[PDB]
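The structure appears below as structure tokens.
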Amino acid sequence: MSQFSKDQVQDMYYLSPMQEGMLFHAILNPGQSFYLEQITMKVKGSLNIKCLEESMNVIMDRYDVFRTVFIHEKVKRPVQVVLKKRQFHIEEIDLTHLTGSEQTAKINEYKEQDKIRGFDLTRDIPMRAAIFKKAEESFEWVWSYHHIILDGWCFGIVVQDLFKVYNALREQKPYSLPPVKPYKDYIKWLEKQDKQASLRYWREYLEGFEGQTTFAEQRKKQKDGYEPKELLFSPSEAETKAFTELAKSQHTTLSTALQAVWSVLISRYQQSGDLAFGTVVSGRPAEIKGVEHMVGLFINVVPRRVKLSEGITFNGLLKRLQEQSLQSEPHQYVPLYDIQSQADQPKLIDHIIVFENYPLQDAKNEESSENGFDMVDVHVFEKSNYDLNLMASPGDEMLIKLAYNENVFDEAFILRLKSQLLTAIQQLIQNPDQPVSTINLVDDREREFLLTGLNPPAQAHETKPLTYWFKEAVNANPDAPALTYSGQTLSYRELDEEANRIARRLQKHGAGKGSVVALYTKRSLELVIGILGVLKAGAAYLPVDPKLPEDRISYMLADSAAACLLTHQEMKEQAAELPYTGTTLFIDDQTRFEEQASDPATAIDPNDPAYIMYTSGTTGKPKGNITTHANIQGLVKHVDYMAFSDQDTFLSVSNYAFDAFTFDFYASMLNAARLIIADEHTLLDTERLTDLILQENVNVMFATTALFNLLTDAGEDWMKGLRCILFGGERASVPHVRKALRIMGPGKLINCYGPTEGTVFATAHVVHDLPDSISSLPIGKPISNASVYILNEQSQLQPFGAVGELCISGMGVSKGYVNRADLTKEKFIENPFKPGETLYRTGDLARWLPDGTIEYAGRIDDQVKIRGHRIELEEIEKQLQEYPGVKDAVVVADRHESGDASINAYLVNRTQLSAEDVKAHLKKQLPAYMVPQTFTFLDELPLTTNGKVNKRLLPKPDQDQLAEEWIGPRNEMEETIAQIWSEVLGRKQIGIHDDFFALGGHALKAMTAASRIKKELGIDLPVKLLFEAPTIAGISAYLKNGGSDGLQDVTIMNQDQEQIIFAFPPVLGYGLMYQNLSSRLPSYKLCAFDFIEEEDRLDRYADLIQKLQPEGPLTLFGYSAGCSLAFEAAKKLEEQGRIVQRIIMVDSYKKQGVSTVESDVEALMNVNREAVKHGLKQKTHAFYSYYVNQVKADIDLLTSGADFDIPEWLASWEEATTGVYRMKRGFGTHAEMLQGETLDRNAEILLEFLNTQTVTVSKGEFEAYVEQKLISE
Ligand SMILES: CC(C)C[C@H](N)C(=O)O
């Protein structure tokens, strides 16, 4: 039964590793046309097919690979066997009698048979060709070959030779082709190499790589499936020349150039200079002297890792890349999945870059003069393997293609990427010696959009001291209440006078301009009078928090140069033992009334200091920021983030040492509102706060985020009378904001973000929507006098949507840090996009959302990438702080001699919680990659001087904590699937977290194991995808989250309505079909199931609908075989106790008995001709089979429009129900009922049933329903 004899054998040899993998893929996963290439060539002209066949047979002799077949069945290592002679035939077909469309349809038909047919590498010639005659000089030509013996590059050499021969033979002319070095020579080379050394090289290359999701923030996560989509573009002719000429003067490939510019582009999307992507390489090693003319498999996809060192330029980068290209050459035979199997990274590479050496498309279509025919078109079949592919081929102006999965990426994004690539190509090559980090990558349209389009408008209005704005508010209505504390209220008049008095006494004692005045007040009326007096005297105030330690005050005193100190009397221990030999004056003091209650005429410059408050940033001692009159005008005047008025009553709950208070005081007092100052003991006390709010009729308030959440958890009454609630300081807690929103309504909650150095907040998000699918609350849009720029480290504008350092400019930017020119120069810079202005570098990370609001991404100094996931280390810290009974906790990240980082948690507690207590909590609270790897317990954390944060050197964690609990199969599933692993790897005692390749696994077994689940004791799953899923847990994850029937698998349509219907599948077995029916079901939400092939499929639906709808009247559906399924379903419902309102059968009847299996599954698929097509036979085979071999629910049948004679083994449902068996006649025969215009007539009727409409309700039943739906809230 062997198809060949020993005589036929000319030679034999072993397979390249790549080949070897392709072969096994084939054996185990045939039909999936992974390695089938198919090139269609549109040929216009005269074609001697006979001569072309003969010419193909010459090529057949010329190249061993075409006479090669493979042996694998019973043999330790597979073998390639070259045969002496194989005769090639071109299937010739005439379609001249058909229409254009008909010809096209037939050819598309041949192609699809061809794609599923594949090759049998045991026997077939691994290439075939069909030629279709469309008209007299019009042909379409379909070549097909298996990748196991050729790559695209080779293919062209073959076609070139085919045509020299072709042209020679048809003119009866001699010819000569050069000697061809056999593919066997590459195998010999390959056999001289050390596979483990090559593996080592890659492992070292990728050592310490922290992984990458390219364009992570732009990716859509919605349902799977590839939606192929394409964007063709090219630079200018000039741009292409300078590009091309630069690659040469630097002596590198066009390919390497392209990858250099790409690296810089993704550099700006990944927040990183350690970068990776796939590249296709020639696989043709220098050391085989004529390697460049051999024909067979060489090309390979391999990873490129690029490290953009500080200051690296383009030419530096080119050098870098060309250099490692060489180093890699001897190792390109290693299959990518072996490169990954030892790597650390699942998502190692994400996307790939191709510069097709010389495309089959562009190269082949040249001079019909010699060939006698024109190849008008060429078209290769491309298998969408990555979600984004950059591909380029040379030309006068270079042809670039971004080929992508639009289920993942928006065309809008691929469009921006295009223009950023084009800008990249220009700027990089124009400026090939500048640090790459310095190059600009945004076009003018985008640059304008980002700077101008995303920021507020330019405003005229400008500038006037606070004293002036205050005079405005006072003159408005002197009798209006201005200030209140503990009952005692003051009018704008009274407050003004008490402040003029204080402004004069100050001015007398030599405060004036250029000095700082130290406030030392507990919250009181005086506090506020102090502030005004200081401003009115032309000075700057320094709030001193009475609760601070003596020595932190003494620092602030000296540093600020505070010439004077202004106090209280309940603070009469301003003596205490501070000390302070400066002048100190009380506004307790009754001697104040001696001076005038008119103000002085204190000429003030807006840009002069208004105040100083210190913050902790400069790890060590705290730093004073200088805030300005004009600064403060920016926050409160000419701003359209809502408007405050004479009619508002503010409550200040913010300590006057923090610039939240500057909002409290200035937003009220400069809009003529009432300011209520909460007493010290009310600040963090939600009951007092709620009462003060209630008794004072407060309508506006700023709370820290912690207080806001605190209040929100305590009660609702406090918020019910508020018209506006600002909060900020930490990341908004969405659950809490969602709670506030529902009580308060939209336009009320405002989330505010800002460093001190930007004066309180630079952006604000007024909450209106709160989408159920909401990760983090935006920090919104800049306030009217501020600007925001998302920049890289070198002040380059990031792509719209990329993460970068949030920088601020506009009126709010402070005059910098007291006595510290070094720090000011570091954080504060000249605004590159606006002469005259200053830019503050916040240290925070952010991106613009598509809506122009801003999403906060954490601190630069608090980031860690794990498994391609940017992790914010403060988000895990806060989860530890909240865990009942915790006290302190910090999290460091470190890597060893590699770059391969991990996260250690540290906790002080006592002896309350054991080590794993904390781990159990985070397990489900936080995602897996954010869970710390150790949990060292301390009495306390080290500090270093003024250190809320700690002396980083905590102890290197104890390694017992690396040893964790072995967890063997949890269920009967994993046991049997751990059985095959055990069998395959030949190793006992495997836990569900053990690595397959770490256990001795490799290429074949990874497949061979995924095969044993694929039938032979199993149930089928992706083969080359245990490299994907190396842990049994990860594969239980793949097949429970994305396996069969669950949250994703059984189709849903019409989501944001309500009224559920529960469909059942037709004979073919898939709910995807009623998708086309869902449209004509406008109000009803659909559950389109699949067919479950198991005998106890009964209980699976019993579990499914119980989840999807727990109680009430149930409505089932069934078309075709889905009927007797849906009946054998409601019986169980009401057997297990669940009321079914009604069922709607559609042209299918009762099983009153029983009556070939595959041929009629094929014959009925022949009246119905991978994701939807792969498992289509073996499921339809079983459901069609299941078919051939009472309930309380009302049944409604919609019958065919065609007449019908009933079998004895079929019958009406009349008997099969106790209730109303109503029924109607539809339009269309059994097939066409649920497709086309016939479906749309059958729809209206399906209402009539579901409609019913009359459905007479009782008054008690109606009222109750109403009050029921209401209480829901
Ligand atoms: C976010 C900013 C408004 C800062 C403010 N001082 C706060 O407590 O949140």
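By convention here, the chains of the structure tokens are called A, B, ... in the order presented, each chain's residues are numbered starting at 1, and ligands are numbered starting at 1 in the order presented.
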
Please identify every polymer residue within 6 Å of ligand 1, using only C-alpha atoms and all ligand atoms, and present the set as a list in words.
residues 658, 659, 660, 704, 728, 729, 752, 753, 754, 760 and 761 of chain A

Could the residues in this selection be written to a file with N, CA, C and O atoms, as a PDB file, in the first residue's frame?
```pdb
ATOM      1  N   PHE A 658      -3.378  73.378  53.608  1.00  0.00           N
ATOM      2  CA  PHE A 658      -3.461  72.696  52.292  1.00  0.00           C
ATOM      3  C   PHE A 658      -4.206  73.555  51.284  1.00  0.00           C
ATOM      4  O   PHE A 658      -5.185  74.205  51.622  1.00  0.00           O
ATOM      5  N   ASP A 659      -3.810  73.529  50.021  1.00  0.00           N
ATOM      6  CA  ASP A 659      -4.412  74.477  49.079  1.00  0.00           C
ATOM      7  C   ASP A 659      -5.808  74.120  48.609  1.00  0.00           C
ATOM      8  O   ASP A 659      -6.340  74.816  47.751  1.00  0.00           O
ATOM      9  N   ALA A 660      -6.403  73.046  49.141  1.00  0.00           N
ATOM     10  CA  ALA A 660      -7.850  72.865  49.031  1.00  0.00           C
ATOM     11  C   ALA A 660      -8.533  74.093  49.633  1.00  0.00           C
ATOM     12  O   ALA A 660      -9.533  74.584  49.113  1.00  0.00           O
ATOM     13  N   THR A 704     -11.817  66.297  50.571  1.00  0.00           N
ATOM     14  CA  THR A 704     -10.814  65.340  50.122  1.00  0.00           C
ATOM     15  C   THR A 704     -11.579  64.131  49.605  1.00  0.00           C
ATOM     16  O   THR A 704     -12.733  63.906  50.000  1.00  0.00           O
ATOM     17  N   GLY A 728     -11.218  65.555  45.362  1.00  0.00           N
ATOM     18  CA  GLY A 728      -9.985  65.194  44.697  1.00  0.00           C
ATOM     19  C   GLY A 728      -8.943  64.901  45.731  1.00  0.00           C
ATOM     20  O   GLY A 728      -9.259  64.863  46.913  1.00  0.00           O
ATOM     21  N   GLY A 729      -7.708  64.717  45.287  1.00  0.00           N
ATOM     22  CA  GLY A 729      -6.623  64.334  46.167  1.00  0.00           C
ATOM     23  C   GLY A 729      -6.194  62.892  45.975  1.00  0.00           C
ATOM     24  O   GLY A 729      -5.029  62.581  46.138  1.00  0.00           O
ATOM     25  N   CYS A 752     -11.612  66.706  40.793  1.00  0.00           N
ATOM     26  CA  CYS A 752     -10.657  67.783  40.570  1.00  0.00           C
ATOM     27  C   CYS A 752      -9.259  67.256  40.756  1.00  0.00           C
ATOM     28  O   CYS A 752      -9.017  66.512  41.689  1.00  0.00           O
ATOM     29  N   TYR A 753      -8.342  67.643  39.871  1.00  0.00           N
ATOM     30  CA  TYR A 753      -6.963  67.195  39.956  1.00  0.00           C
ATOM     31  C   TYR A 753      -6.027  68.396  39.849  1.00  0.00           C
ATOM     32  O   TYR A 753      -6.294  69.329  39.090  1.00  0.00           O
ATOM     33  N   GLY A 754      -4.933  68.355  40.614  1.00  0.00           N
ATOM     34  CA  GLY A 754      -3.947  69.412  40.577  1.00  0.00           C
ATOM     35  C   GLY A 754      -2.803  69.292  41.569  1.00  0.00           C
ATOM     36  O   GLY A 754      -2.992  69.019  42.741  1.00  0.00           O
ATOM     37  N   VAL A 760      -4.097  74.482  43.421  1.00  0.00           N
ATOM     38  CA  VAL A 760      -5.306  73.702  43.795  1.00  0.00           C
ATOM     39  C   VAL A 760      -5.736  72.606  42.823  1.00  0.00           C
ATOM     40  O   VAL A 760      -5.520  71.433  43.105  1.00  0.00           O
ATOM     41  N   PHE A 761      -6.334  72.963  41.690  1.00  0.00           N
ATOM     42  CA  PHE A 761      -6.512  71.981  40.636  1.00  0.00           C
ATOM     43  C   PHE A 761      -6.423  72.572  39.248  1.00  0.00           C
ATOM     44  O   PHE A 761      -6.929  73.649  39.021  1.00  0.00           O
TER      45      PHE A 761
END
```

Determine which residues of segment 1055-1199 of chain A DSSP labels as helix (DSSP H, G or I) from the backbone of this structure, then write them out as a PyMOL selection string.
chain A and resi 1071-1078+1097-1108+1122-1135+1157-1165+1174-1188

For segment 335-395 of chain A against segment 266-278 of chain A, with a cut-off of 6 Å and counting only C-alpha atoms, what is the closest atom pair and its distance in Å to one decimal for every residue that makes the cut, ordered by chain and number, as a tab-separated table?
```
residue	atom	partner	partner_atom	distance
A:349	CA	A:277	CA	5.0
A:351	CA	A:277	CA	5.8
A:352	CA	A:278	CA	4.2
```

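In this model, the gap between atom CA of residue 305 of chain A and atom CA of residue 901 of chain A comes to 17.7 Å.
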
Contact residues around residue 1137 of chain A with only C-alpha atoms at 12 Å, ignoring same-chain residues under 6 positions, as a list in words
residues 1102, 1106, 1110, 1111, 1112, 1113, 1114, 1129, 1130, 1131, 1191 and 1192 of chain A

Could those selected residues go to a file with C-alpha atoms, as a compact mmCIF listing (two decimals), in the first residue's frame?
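Generated output (out_8.txt):
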```txt
# COMPACT_ATOMS: atom_id res chain seq x y z
CA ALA A 1102 -31.06 23.98 33.07
CA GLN A 1106 -31.42 29.57 35.60
CA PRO A 1110 -33.82 33.25 37.88
CA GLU A 1111 -37.60 33.64 38.40
CA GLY A 1112 -40.83 34.56 36.60
CA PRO A 1113 -42.61 33.35 33.42
CA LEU A 1114 -40.12 31.78 30.97
CA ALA A 1129 -36.20 21.40 28.13
CA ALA A 1130 -39.39 22.99 29.49
CA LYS A 1131 -40.31 19.48 30.74
CA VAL A 1191 -45.61 20.48 29.58
CA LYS A 1192 -47.62 23.45 30.93
```

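Here atom CA of residue 744 of chain A is placed at a distance of 7.9 Å from atom CA of residue 722 of chain A.
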
For residue 664 of chain A, work out the shell of residues within 8 Å, counting only C-alpha atoms and skipping chain neighbours fewer than 5 positions away, then give it as an MDAnalysis selection string.
chainID A and resid 650:652 654 675 701:702

Extract, using only C-alpha atoms, all DNA, RNA and protein residues at most 10 Å from residue 160 of chain A, discarding same-chain residues fewer than 6 positions from it, and format them as number ranges by chain.
A: 154, 166, 364

Closest of A:1239, A:1037, A:450, A:980 to residue 1013 of chain A - atom-to-atom distances counting only C-alpha atoms:
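Counting only C-alpha atoms, the residue closest to residue 1013 of chain A is A:980.
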
Point out the residue among A:506, A:557, A:949, A:573 with the least atom-to-atom distance to residue 599 of chain A, counting only C-alpha atoms.
A:506

Å distance separating atom CA of residue 731 of chain A from atom CA of residue 806 of chain A, one decimal place:
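The value is 15.6 Å.
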
Please give the complete set of residues from segment 353-556 of chain A that DSSP, run on the backbone, assigns to strand (DSSP E), formatted as a VMD selection string.
chain A and resid 353 to 355 373 to 380 388 to 393 399 to 405 481 to 484 489 to 491 516 to 519 540 to 543
